[PDB]
Amino acid sequence: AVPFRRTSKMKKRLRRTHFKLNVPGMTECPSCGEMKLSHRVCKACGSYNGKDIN
Amino acid sequence: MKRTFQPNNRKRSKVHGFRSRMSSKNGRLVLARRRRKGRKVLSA
Amino acid sequence: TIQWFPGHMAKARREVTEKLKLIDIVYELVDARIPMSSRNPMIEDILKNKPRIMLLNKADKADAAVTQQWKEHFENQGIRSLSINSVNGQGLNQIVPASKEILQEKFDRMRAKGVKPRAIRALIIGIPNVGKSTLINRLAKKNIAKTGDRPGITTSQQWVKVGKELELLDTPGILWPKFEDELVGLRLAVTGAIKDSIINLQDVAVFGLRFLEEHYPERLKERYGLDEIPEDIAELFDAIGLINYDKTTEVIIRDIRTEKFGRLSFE
Amino acid sequence: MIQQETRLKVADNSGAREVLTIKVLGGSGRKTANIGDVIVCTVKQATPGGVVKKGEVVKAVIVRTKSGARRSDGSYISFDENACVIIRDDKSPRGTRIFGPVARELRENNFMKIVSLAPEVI
Amino acid sequence: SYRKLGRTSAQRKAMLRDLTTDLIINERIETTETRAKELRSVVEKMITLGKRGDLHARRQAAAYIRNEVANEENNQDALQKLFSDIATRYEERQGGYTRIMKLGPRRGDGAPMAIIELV
RNA sequence: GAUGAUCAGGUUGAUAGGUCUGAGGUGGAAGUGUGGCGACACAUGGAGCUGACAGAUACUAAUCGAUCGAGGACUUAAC
RNA sequence: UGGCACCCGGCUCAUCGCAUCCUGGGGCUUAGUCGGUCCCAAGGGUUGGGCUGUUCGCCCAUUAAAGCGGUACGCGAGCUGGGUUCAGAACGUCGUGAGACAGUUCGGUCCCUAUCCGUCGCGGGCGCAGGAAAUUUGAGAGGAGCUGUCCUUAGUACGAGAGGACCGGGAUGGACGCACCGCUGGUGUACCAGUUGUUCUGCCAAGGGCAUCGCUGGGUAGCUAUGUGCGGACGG
RNA sequence: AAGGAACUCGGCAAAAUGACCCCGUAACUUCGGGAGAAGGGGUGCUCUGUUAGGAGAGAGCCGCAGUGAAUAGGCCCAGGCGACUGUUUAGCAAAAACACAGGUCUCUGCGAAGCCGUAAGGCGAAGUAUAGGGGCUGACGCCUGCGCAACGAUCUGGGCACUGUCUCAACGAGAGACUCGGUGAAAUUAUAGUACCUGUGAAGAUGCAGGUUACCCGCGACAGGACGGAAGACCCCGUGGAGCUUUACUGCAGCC
RNA sequence: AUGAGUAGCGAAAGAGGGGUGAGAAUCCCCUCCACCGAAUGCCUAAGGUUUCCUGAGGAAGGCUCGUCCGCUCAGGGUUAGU
RNA sequence: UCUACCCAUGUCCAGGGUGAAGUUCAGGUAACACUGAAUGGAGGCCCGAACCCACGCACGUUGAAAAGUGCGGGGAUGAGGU
Ligand SMILES: Nc1nc2c(ncn2[C@@H]2O[C@H](COP(=O)(O)OP(=O)(O)NP(=O)(O)O)[C@@H](O)[C@H]2O)c(=O)[nH]1
């Protein structure tokens with residue numbers, strides 16, 4: 001099956017309503033790290049709220 | 001499946017070569033036409 | 001029991017009725033071994049106000065005396081009858097004169113009416129697995145019809161122009177829709193004319209054995225390398241050999257139709 | 001579970017040794033039968049001489065089946081072959097003897113004569 | 001139910017046998033999170049086998065441990081290390097011996113990685 | 001349960017894994033003795049092994065924190 | 001150089017009409033047993049095969065019954081040349097030559113990622129005069145609706161007799177539907193055993209890899225029917 | 001599980017036989033075959049045992065199962081057609097169509113007859129009527145039509161084995177589908193803010209009239225409509241072509 | 001431009017540890033595992049004409065990534081009386 | 001340089017079956033043709049790999065491919081393939 005007619009700009013913009021991303025989980029810097037992710041390591045030194053690992 | 005072009009250097013020179021063209025009159029006419037147009041390569 | 005009646009048989013009746021006018025003379029083929037049971041009342045009811053001759057094909061396989069007696073019975077009944085062997089022309093020469101004598105009345109009426117005499121139009125009709133195509137091929141000497149050793153070979157009626165003298169119409173065999181007397185059905189099945197994959201072969205073999213014991217005890221005695229006449233069938237079956245318990249029934253019916261025995265008739 | 005085109009074997013001295021079912025009686029669209037039911041069958045193997053003949057259409061009662069019957073108390077029964085007894089419309093044995101074991105369910109279906117003639121009833 | 005890991009049974013068993021003997025030598029490895037969660041069930045069973053210690057148990061673990069050098073100087077393979085100086089470490093601790101430690105995804109395909117180590 | 005969704009839980013706790021007892025399944029483990037020339041049989045022993053099923057037990061993971069979310073409009077009748 | 005009328009079968013899914021096949025209620029014409037005929041009624045139901053081109057078609061065996069029709073053959077971007085329907089071949093009939101008829105037969109290629117409206121499921125917003133957590137009424141809509149035997153009534157109503165109702169009770173089936181794995185079975189590729197060939201752990205004994213899970217005998221949880229439980233009863 | 005062709009135009013497809021030895025083999029026949037016809041029996045390991053010279057016989061021991069896995073023929077009846085082995089529409093038709101061995105008719109005395117070329121020059125052939133061109137048939141046994149022995153991916157019919165073809169479906173494995181990270185096209189397309197029912201209309205309405213329903217936006221599925229999309233899947237007509245046949249004409253070929 | 005962030009990414013077993021690097025599932029090294037083996041082995045035709053070796057590179061080409069390449073720059077390489 | 005036919009020169013075909021002519025001994029004879037035994041190895045012979053075809057079904061049909069793949073099938077010392 002091929003499209004019967006082209007789709008206007010309005011319909012396309014209305015279809016793309018739910019096509020977006022999500023703001024991630026933001027937590028505290030572990031062991032003065034840099035703003036690590038929830039239930040994960042610090043970007044600086046792999047720290048768990050100050051519990052460094054790896 | 002075998003495609004129609006199976007390259008071979010000897011047959012190419014024997015059929016479309018310079019001396020084959022120069023052997024007969026029509027080949028000389030072909031060479032004259034290609035010279036008149038100015039093609040960089042002529043014969044084969 | 002025996003019910004075989006496909007659709008081409010039904011269409012044959014309608015075609016014959018729709019092309020009845022052109023017919024001049026009718027040949028009704030009847031097997032010699034069973035002259036009375038081989039007649040078809042269903043097709044005879046349609047066929048009236050038309051002269052006809054009874055033909056007895058496969059006359060080499062039947063006893064001469066009983067066939068001649070049946071010929072007399074047909075003759076004094078009020079109908080002309082003849083005995084013919086299709087595979088080798090025995091009585092084929094004496095049918096054109098008979099047709100001429102029968103149709104001479106209309107022929108002379110037309111001649112005095114002021115037209116040239118024309119070809120005789122004949123229609124051949126009968127039950128399947130009788131020589132309704134071999135006879136045509138012999139008569140035309142051309143081998144133009146298809147023949148086989150099983151019923152139901154041809155499927156459509158066809159015109160055959162034999163010279164400037166005959167126009168023959170062929171026809172697939174026709175059977176009545178429902179049998180009434182089981183003995184007639186048994187005899188027909190024995191002689192062929194039925195597909196043989198619709199019927200019970202054991203009953204056919206039993207009928208053959210009991211008829212043989214009643215009529216030709218000596219031929220049953222000679223049989224094929226065994227000499228006994230007990231009460232049951234299992235005595236003869238296990239002559240030459242797990243062996244086939246009762247598939248030998250086919251053997252019993254295999255040879256008889258090929259006349260391994262001598263000539264016989266069931267009447 | 002007997003159905004159309006299922007070959008049973010007779011267990012009586014009538015002359016028929018194997019039958020083939022044609023239809024299962026007792027319903028608009030019934031397609032299966034079990035122990036104690038009645039079926040219509042055609043005889044496929046018989047002696048040339050005898051009471052019954054090949055090709056005859058009769059009716060019979062099932063007495064044995066590979067899958068048996070679930071009894072009330074949770075007990076199950078099962079045999080090793082499917083067998084039937086040819087009967088008349090009045091529910092009497094056409095033959096004279098019954099061979100082999102016979103299921104007890106027949107007794108509750110008022111098949112008293114067959115049960116009586118049976119050698120051993122389980 | 002067990003995870004399938006998107007492979008045939010034979011290859012799944014091969015991966016499990018490879019990883020469970022790579023962990024015993026190294027004592028901490030880095031894999032994907034869904035592949036390290038399916039691994040914690042086998043290492044602890046092997047550790048219990050090592051803690052049993054009798055000959056019948058040792059020949060049971062010999063069918064699930066590959067032949068690798070492990071320590072170099074004293075020439076002890078994976079099985080000898082498992083039965084020698086690991087069953088002695090976990091002598092009074094009954095239960096879990098492993099720790100799963102999540103971290104971020106990786107550049108190539110965004111799969112979430114994790115580190116699994118002995119306790 | 002396609003993904004969202006729904007439901008059971010988040011250290012005053014039995015949500016999942018492991019461990020210890022079971023239930024089912026299979027059918028007499030390795031080792032060592034004895035008998036036989038040998039293939040093999042017997043004892044130690046309803047033995048050994050056991051994915052998804054039960055009951056106990058915080059041994060390992062369910063830390064942090066972040067975001068959202070009211071102060072009750074107007075008129076007329078009975079206070 | 002006549003006469004005078006007319007202008008594709010099968011599969012999977014269904015839905016509607018009544019001009020009613022069965023079941024319900026009636027007059028009747030018909031002892032009862034029955035049967036025939038004519039009204040009112042569309043809720044549900046309305047079969048498996050053999051020969052066969054299913055035809056101007058035969059038969060077998062059941063059932064309370066095996067109704068007639070409309071929807072672009074109802075239905076090919078859902079499936080089947082299986083008829084129709086092509087280029088290769090035999091026989092045929094007509095023809096003065098270029099050809100005419102199909103009269104019989106054998107073989108013989110179409111595809112499509114769903115844009116919009118439609119149907120079947122599942123979510124995200126906001127609204128509902130304060131924010132929330134539960135429990136709910138019911139304007140409306142959909143589902144279900146079928147029948148057979150046997151015992152009593154008592155052979156009593158009847159019928160000289162032979163023969164025989166019957167809808168009030170009571171049991172028990174057929175088909176269909178909804179659930180579930182305690183029983184009987186099925187599968188059950190990270191469960192348990194037997195065994196062939198070859199290769200590997202230095203060798204014996206113990207084991208691993210590959211050969212459709214190498215092949216065989218069993219099989220827990222889960223999912224299941226052919227297994228089990230229940231339903232359509234009335235009543236206003 | 002139970003049944004075993006009940007499906008269907010049709011056993012299409014799938015299932016079933018298969019290896020090594022030892023017994024046993026029909027009708028028919030062109031006497032060569034048919035024929036691996038059809039049907040039965042045995043295979044593991046140990047000892048006896050340089051086993052006689054690698055047995056064979058004997059004794060024993062295990063499992064449900066002994067060519068223990070992979071690879072190895074399904075079989076039997078009856079009719080047409082063609083004798084057989086072979087060749088054909090590359091890319092719809094592998095056949096009963098073509099060829100074939102044999103038979104028969106006709107021309108040719110050698111610069112042969114036939115062909116290719118305007119001619120020179122060649123093939124036939126360096127060959128000579130037991131040898132060469134051109135037609136028609138198509139083995140060989142019985143007649144001036146009748147025989148199927150052997151062969152066949154041939155066309156019709158039947159019977160065994162065996163089974164998910166089905167009564168009636170149920171689980172399990174793998175690659176897609178689905179979610180996430182990377183990269184990222186196509187046919188189609190007048191603008192569209194694109195319901196339903198009875199009517200009307202070039203005659204088959206999301207767009208017209210009357211009425212009934214319907215909060216805004218998405219994801220996974222189905223295929224009734226948009227006379228759905230792409231190469232018309234065919235009835236006329238071209239005082240449109242090409243091809244073909246002459247008691248239609250007129251030219252040039254050859255021969256007399 | 002729409003279809004749309006949709007179909008596809010062209011048969012197949014990899015796992016872990018080190019190293020380089022601004023950046024590593026894809027590059028290099030090590031250890032296990034796995035497939036072909038009458039070839040998925042080696043040697044030399046037709047054919048191609050710099051694709052061969054070493055050092056640098058991250059525009060474009062590799063159906064993703066790339067510190068890598070049959071890609072881009074520089075250099076170098078083919079010895080016959082048999 | 002693809003395909004049709006022809007001309008001159010090379011090259012390829014794992015294994016296993018059946019057993020013609022001829023020859024020798026010899027019942028038979030006076031010796032045959034015919035018995036058997038031994039030897040012998042013919043065939044547009046048989047089963048079947050490499051090789052060459054293309055009969056059935058399924059998939060693919062904006063394909064891996066402008067004629068392919070998978071499982072079965074025919075010929076396979078010759079009127080052969082290259
Ligand atoms: N012995 C013998 N056989 C004969 C005779 N006539 C015919 N046959 C046999 O019959 C067979 C052919 O019969 P046929 O005429 O075709 O029968 P049919 O009536 O035409 N059958 P259908 O009409 O269906 O084609 C052959 O086997 C032929 O040998 C006869 O006179 N004698």
# chains A, B, ... in the order shown; residues from 1 in each chain; ligands from 1

call {"tool": "residues_near_ligand", "arguments": {"ligand": "ligand 1", "cutoff": "9 Å", "atoms": "only C-alpha atoms (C1' of nucleotides) and all ligand atoms", "output": "PyMOL selection string"}}
result
chain C and resi 29+56-61+84-89+125-136+145-156+170-174+193+258

call {"tool": "residues_around", "arguments": {"residues": "segment 41-43 of chain J", "least_positions_apart": "5", "cutoff": "9 Å", "atoms": "only C-alpha atoms (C1' of nucleotides)", "output": "PyMOL selection string"}}
result
chain J and resi 19-21

call {"tool": "select_by_dssp", "arguments": {"residues": "segment 6-250 of chain C", "states": "strand (DSSP E or B)", "output": "PyMOL selection string"}}
result
chain C and resi 25-31+52-57+80-83+120-126+158-162+166-170

call {"tool": "write_last_selection", "arguments": {"atoms": "N, CA, C and O atoms", "output": "short mmCIF file (atom, residue, chain, number, x, y, z; two decimals), in the first residue's frame"}}
result
data_model
loop_
_atom_site.label_atom_id
_atom_site.label_comp_id
_atom_site.auth_asym_id
_atom_site.auth_seq_id
_atom_site.Cartn_x
_atom_site.Cartn_y
_atom_site.Cartn_z
N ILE C 25 -31.19 -45.44 -38.54
CA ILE C 25 -31.23 -46.82 -38.06
C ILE C 25 -30.41 -46.92 -36.78
O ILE C 25 -29.47 -46.15 -36.55
N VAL C 26 -30.78 -47.88 -35.93
CA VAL C 26 -30.15 -48.08 -34.64
C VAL C 26 -29.60 -49.49 -34.55
O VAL C 26 -30.27 -50.47 -34.90
N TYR C 27 -28.36 -49.60 -34.07
CA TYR C 27 -27.75 -50.87 -33.72
C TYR C 27 -27.64 -50.94 -32.21
O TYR C 27 -27.08 -50.03 -31.59
N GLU C 28 -28.20 -51.99 -31.62
CA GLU C 28 -28.20 -52.18 -30.17
C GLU C 28 -27.30 -53.37 -29.85
O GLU C 28 -27.68 -54.52 -30.07
N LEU C 29 -26.11 -53.08 -29.33
CA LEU C 29 -25.15 -54.12 -29.03
C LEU C 29 -25.51 -54.82 -27.73
O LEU C 29 -25.80 -54.17 -26.72
N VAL C 30 -25.50 -56.14 -27.76
CA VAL C 30 -25.85 -56.97 -26.61
C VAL C 30 -24.85 -58.10 -26.51
O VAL C 30 -24.55 -58.77 -27.51
N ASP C 31 -24.32 -58.33 -25.31
CA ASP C 31 -23.36 -59.40 -25.11
C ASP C 31 -24.03 -60.76 -25.30
O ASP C 31 -25.18 -60.95 -24.90
N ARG C 52 -34.63 -51.34 -35.57
CA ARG C 52 -33.39 -51.68 -34.89
C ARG C 52 -33.07 -53.15 -35.10
O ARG C 52 -33.94 -53.95 -35.43
N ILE C 53 -31.80 -53.48 -34.90
CA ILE C 53 -31.30 -54.85 -35.01
C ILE C 53 -30.47 -55.17 -33.78
O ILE C 53 -29.69 -54.34 -33.31
N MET C 54 -30.65 -56.37 -33.25
CA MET C 54 -29.89 -56.85 -32.11
C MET C 54 -28.59 -57.49 -32.60
O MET C 54 -28.61 -58.30 -33.53
N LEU C 55 -27.48 -57.10 -31.99
CA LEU C 55 -26.17 -57.61 -32.35
C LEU C 55 -25.59 -58.35 -31.15
O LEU C 55 -25.71 -57.89 -30.01
N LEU C 56 -24.96 -59.49 -31.41
CA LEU C 56 -24.36 -60.31 -30.36
C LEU C 56 -22.86 -60.33 -30.58
O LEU C 56 -22.34 -61.16 -31.33
N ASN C 57 -22.15 -59.42 -29.92
CA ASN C 57 -20.71 -59.33 -30.07
C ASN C 57 -20.03 -60.24 -29.05
O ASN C 57 -20.66 -60.80 -28.15
N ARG C 80 -35.09 -58.50 -35.51
CA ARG C 80 -33.96 -59.10 -36.20
C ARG C 80 -32.74 -59.14 -35.30
O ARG C 80 -32.48 -58.20 -34.55
N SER C 81 -31.99 -60.23 -35.37
CA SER C 81 -30.80 -60.42 -34.54
C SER C 81 -29.70 -61.08 -35.35
O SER C 81 -29.96 -61.79 -36.33
N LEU C 82 -28.46 -60.84 -34.93
CA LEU C 82 -27.30 -61.39 -35.61
C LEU C 82 -26.19 -61.67 -34.61
O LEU C 82 -26.15 -61.09 -33.52
N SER C 83 -25.29 -62.58 -34.99
CA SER C 83 -24.14 -62.95 -34.18
C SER C 83 -22.87 -62.49 -34.87
O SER C 83 -22.65 -62.80 -36.05
N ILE C 120 -26.60 -43.86 -45.22
CA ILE C 120 -27.38 -44.38 -44.11
C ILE C 120 -26.79 -43.88 -42.81
O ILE C 120 -25.58 -44.02 -42.57
N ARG C 121 -27.63 -43.30 -41.95
CA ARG C 121 -27.20 -42.80 -40.65
C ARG C 121 -27.56 -43.82 -39.58
O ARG C 121 -28.74 -44.11 -39.37
N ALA C 122 -26.54 -44.34 -38.90
CA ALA C 122 -26.72 -45.37 -37.89
C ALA C 122 -26.19 -44.88 -36.55
O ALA C 122 -25.22 -44.13 -36.49
N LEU C 123 -26.85 -45.31 -35.48
CA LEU C 123 -26.45 -44.99 -34.12
C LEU C 123 -26.18 -46.28 -33.37
O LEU C 123 -27.06 -47.15 -33.31
N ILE C 124 -25.00 -46.41 -32.77
CA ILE C 124 -24.63 -47.60 -32.02
C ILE C 124 -24.82 -47.32 -30.54
O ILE C 124 -24.32 -46.31 -30.02
N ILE C 125 -25.55 -48.20 -29.85
CA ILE C 125 -25.86 -48.00 -28.44
C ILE C 125 -25.77 -49.33 -27.70
O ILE C 125 -26.07 -50.40 -28.24
N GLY C 126 -25.33 -49.26 -26.45
CA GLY C 126 -25.22 -50.45 -25.63
C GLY C 126 -24.53 -50.15 -24.32
O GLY C 126 -24.13 -49.02 -24.04
N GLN C 158 -19.47 -39.26 -30.93
CA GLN C 158 -18.70 -38.79 -32.07
C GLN C 158 -19.28 -39.34 -33.36
O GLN C 158 -19.78 -40.47 -33.40
N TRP C 159 -19.21 -38.51 -34.41
CA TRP C 159 -19.64 -38.87 -35.75
C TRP C 159 -18.45 -39.45 -36.52
O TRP C 159 -17.35 -38.90 -36.46
N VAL C 160 -18.68 -40.55 -37.23
CA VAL C 160 -17.67 -41.17 -38.08
C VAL C 160 -18.27 -41.39 -39.45
O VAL C 160 -19.27 -42.11 -39.59
N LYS C 161 -17.68 -40.78 -40.47
CA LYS C 161 -18.16 -40.92 -41.84
C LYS C 161 -17.41 -42.06 -42.51
O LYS C 161 -16.25 -41.91 -42.90
N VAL C 162 -18.06 -43.21 -42.64
CA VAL C 162 -17.50 -44.34 -43.37
C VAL C 162 -17.86 -44.17 -44.84
O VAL C 162 -19.00 -44.44 -45.24
N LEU C 166 -21.95 -44.71 -45.10
CA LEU C 166 -22.45 -44.75 -43.73
C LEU C 166 -22.01 -43.53 -42.93
O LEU C 166 -20.91 -43.00 -43.11
N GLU C 167 -22.89 -43.10 -42.03
CA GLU C 167 -22.59 -42.11 -41.01
C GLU C 167 -22.91 -42.74 -39.66
O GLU C 167 -24.09 -42.87 -39.30
N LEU C 168 -21.88 -43.12 -38.92
CA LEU C 168 -22.04 -43.82 -37.65
C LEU C 168 -21.93 -42.84 -36.50
O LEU C 168 -21.14 -41.89 -36.54
N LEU C 169 -22.74 -43.06 -35.47
CA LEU C 169 -22.66 -42.29 -34.23
C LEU C 169 -22.28 -43.24 -33.11
O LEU C 169 -22.94 -44.26 -32.89
N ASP C 170 -21.20 -42.90 -32.40
CA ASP C 170 -20.77 -43.68 -31.25
C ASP C 170 -21.28 -43.04 -29.96
O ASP C 170 -21.72 -41.89 -29.95
#

call {"tool": "interface_residues", "arguments": {"of": "chain F", "to": "chain A", "cutoff": "12 Å", "atoms": "only C-alpha atoms (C1' of nucleotides)", "output": "list in words"}}
result
residues 61, 62, 63, 64, 65, 66 and 67 of chain F

call {"tool": "write_last_selection", "arguments": {"atoms": "N, CA and C atoms (P, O5', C5', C4', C3', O3' and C1' of nucleotides)", "output": "PDB file, in the first residue's frame"}}
result
ATOM      1  P     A F  61      26.048  -5.671  49.315  1.00  0.00           P
ATOM      2  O5'   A F  61      25.383  -5.560  47.875  1.00  0.00           O
ATOM      3  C5'   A F  61      24.510  -4.489  47.563  1.00  0.00           C
ATOM      4  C4'   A F  61      23.515  -4.879  46.503  1.00  0.00           C
ATOM      5  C3'   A F  61      22.206  -4.110  46.519  1.00  0.00           C
ATOM      6  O3'   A F  61      22.293  -2.840  45.902  1.00  0.00           O
ATOM      7  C1'   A F  61      21.741  -6.405  46.383  1.00  0.00           C
ATOM      8  P     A F  62      22.344  -1.515  46.806  1.00  0.00           P
ATOM      9  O5'   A F  62      20.830  -1.024  46.871  1.00  0.00           O
ATOM     10  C5'   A F  62      19.858  -1.754  47.603  1.00  0.00           C
ATOM     11  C4'   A F  62      18.502  -1.668  46.954  1.00  0.00           C
ATOM     12  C3'   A F  62      17.465  -0.832  47.682  1.00  0.00           C
ATOM     13  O3'   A F  62      17.609   0.556  47.438  1.00  0.00           O
ATOM     14  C1'   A F  62      16.512  -2.896  47.062  1.00  0.00           C
ATOM     15  P     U F  63      17.164   1.630  48.546  1.00  0.00           P
ATOM     16  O5'   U F  63      18.526   2.339  48.979  1.00  0.00           O
ATOM     17  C5'   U F  63      19.350   1.778  49.991  1.00  0.00           C
ATOM     18  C4'   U F  63      20.338   2.780  50.539  1.00  0.00           C
ATOM     19  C3'   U F  63      19.838   4.209  50.683  1.00  0.00           C
ATOM     20  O3'   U F  63      19.082   4.393  51.868  1.00  0.00           O
ATOM     21  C1'   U F  63      21.975   4.209  49.654  1.00  0.00           C
ATOM     22  P     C F  64      18.757   5.862  52.432  1.00  0.00           P
ATOM     23  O5'   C F  64      18.716   6.790  51.140  1.00  0.00           O
ATOM     24  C5'   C F  64      18.959   8.185  51.238  1.00  0.00           C
ATOM     25  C4'   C F  64      20.288   8.557  50.630  1.00  0.00           C
ATOM     26  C3'   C F  64      20.422   9.999  50.169  1.00  0.00           C
ATOM     27  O3'   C F  64      20.752  10.880  51.228  1.00  0.00           O
ATOM     28  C1'   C F  64      21.189   8.544  48.465  1.00  0.00           C
ATOM     29  P     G F  65      19.717  12.024  51.672  1.00  0.00           P
ATOM     30  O5'   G F  65      20.056  13.237  50.698  1.00  0.00           O
ATOM     31  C5'   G F  65      19.021  14.019  50.122  1.00  0.00           C
ATOM     32  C4'   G F  65      19.059  13.950  48.617  1.00  0.00           C
ATOM     33  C3'   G F  65      17.955  14.698  47.888  1.00  0.00           C
ATOM     34  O3'   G F  65      18.218  16.084  47.767  1.00  0.00           O
ATOM     35  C1'   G F  65      18.192  12.535  46.963  1.00  0.00           C
ATOM     36  P     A F  66      17.002  17.126  47.650  1.00  0.00           P
ATOM     37  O5'   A F  66      16.463  16.922  46.166  1.00  0.00           O
ATOM     38  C5'   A F  66      17.302  17.154  45.046  1.00  0.00           C
ATOM     39  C4'   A F  66      16.646  16.697  43.770  1.00  0.00           C
ATOM     40  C3'   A F  66      15.241  17.225  43.532  1.00  0.00           C
ATOM     41  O3'   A F  66      15.236  18.531  42.986  1.00  0.00           O
ATOM     42  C1'   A F  66      15.286  14.896  43.142  1.00  0.00           C
ATOM     43  P     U F  67      14.122  19.592  43.442  1.00  0.00           P
ATOM     44  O5'   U F  67      12.835  19.174  42.605  1.00  0.00           O
ATOM     45  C5'   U F  67      12.875  19.144  41.188  1.00  0.00           C
ATOM     46  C4'   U F  67      11.667  18.452  40.612  1.00  0.00           C
ATOM     47  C3'   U F  67      10.316  18.976  41.066  1.00  0.00           C
ATOM     48  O3'   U F  67       9.920  20.147  40.373  1.00  0.00           O
ATOM     49  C1'   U F  67      10.322  16.614  41.155  1.00  0.00           C
TER      50        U F  67
END

call {"tool": "interface_residues", "arguments": {"of": "chain B", "to": "chain J", "cutoff": "10 Å", "atoms": "only C-alpha atoms (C1' of nucleotides)", "output": "list in words"}}
result
residues 1, 2, 3, 4, 5, 6, 7, 8, 9, 11 and 12 of chain B

call {"tool": "interface_residues", "arguments": {"of": "chain G", "to": "chain C", "cutoff": "6 Å", "atoms": "only C-alpha atoms (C1' of nucleotides)", "output": "PyMOL selection string"}}
result
chain G and resi 52+57-58

call {"tool": "closest_atom_pairs", "arguments": {"of": "chain E", "to": "chain A", "cutoff": "9 Å", "atoms": "only C-alpha atoms", "output": "tab-separated table"}}
result
residue	atom	partner	partner_atom	distance
E:101	CA	A:40	CA	7.7
E:102	CA	A:40	CA	5.6
E:103	CA	A:40	CA	5.1
E:104	CA	A:40	CA	7.2
E:115	CA	A:54	CA	8.9

call {"tool": "atom_distance", "arguments": {"atom1": "atom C1' of residue 181 of chain G", "atom2": "atom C1' of residue 168 of chain H"}}
result
20.6 Å

call {"tool": "interface_residues", "arguments": {"of": "chain A", "to": "chain I", "cutoff": "8 Å", "atoms": "only C-alpha atoms (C1' of nucleotides)", "output": "PyMOL selection string"}}
result
chain A and resi 2-3+6-8

call {"tool": "residues_around", "arguments": {"residues": "segment 71-79 of chain D", "least_positions_apart": "6", "cutoff": "10 Å", "atoms": "only C-alpha atoms (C1' of nucleotides)", "output": "list in words"}}
result
residues 63, 64, 65, 101, 102, 103, 104, 105 and 122 of chain D; 183 and 184 of chain G

call {"tool": "atom_distance", "arguments": {"atom1": "atom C1' of residue 31 of chain F", "atom2": "atom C1' of residue 43 of chain F"}}
result
13.3 Å

call {"tool": "residues_around", "arguments": {"residues": "residue 49 of chain E", "least_positions_apart": "2", "cutoff": "10 Å", "atoms": "only C-alpha atoms (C1' of nucleotides)", "output": "list in words"}}
result
residues 43, 44, 45, 46, 47, 51, 52, 53, 54, 56, 57, 58, 59, 60, 61, 82, 83 and 87 of chain E

call {"tool": "write_last_selection", "arguments": {"atoms": "C-alpha atoms", "output": "mmCIF file, in the first residue's frame"}}
result
data_model
loop_
_atom_site.group_PDB
_atom_site.id
_atom_site.type_symbol
_atom_site.label_atom_id
_atom_site.label_comp_id
_atom_site.auth_asym_id
_atom_site.auth_seq_id
_atom_site.Cartn_x
_atom_site.Cartn_y
_atom_site.Cartn_z
ATOM 1 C CA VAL E 43 29.806 -19.083 41.060
ATOM 2 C CA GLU E 44 28.227 -19.573 44.478
ATOM 3 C CA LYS E 45 27.299 -23.175 43.651
ATOM 4 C CA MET E 46 30.916 -23.823 42.673
ATOM 5 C CA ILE E 47 32.060 -22.182 45.910
ATOM 6 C CA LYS E 51 33.654 -25.828 50.618
ATOM 7 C CA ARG E 52 32.478 -29.451 50.720
ATOM 8 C CA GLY E 53 35.958 -30.657 49.819
ATOM 9 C CA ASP E 54 35.662 -34.418 49.392
ATOM 10 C CA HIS E 56 33.397 -36.723 44.828
ATOM 11 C CA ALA E 57 32.787 -32.970 44.960
ATOM 12 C CA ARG E 58 36.136 -32.172 43.344
ATOM 13 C CA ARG E 59 35.373 -34.354 40.330
ATOM 14 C CA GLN E 60 32.009 -32.594 40.055
ATOM 15 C CA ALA E 61 33.625 -29.168 39.682
ATOM 16 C CA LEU E 82 39.148 -22.726 44.028
ATOM 17 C CA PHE E 83 39.563 -25.677 46.387
ATOM 18 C CA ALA E 87 37.068 -22.286 50.508
#

call {"tool": "atom_distance", "arguments": {"atom1": "atom CA of residue 7 of chain E", "atom2": "atom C1' of residue 12 of chain I"}}
result
13.1 Å
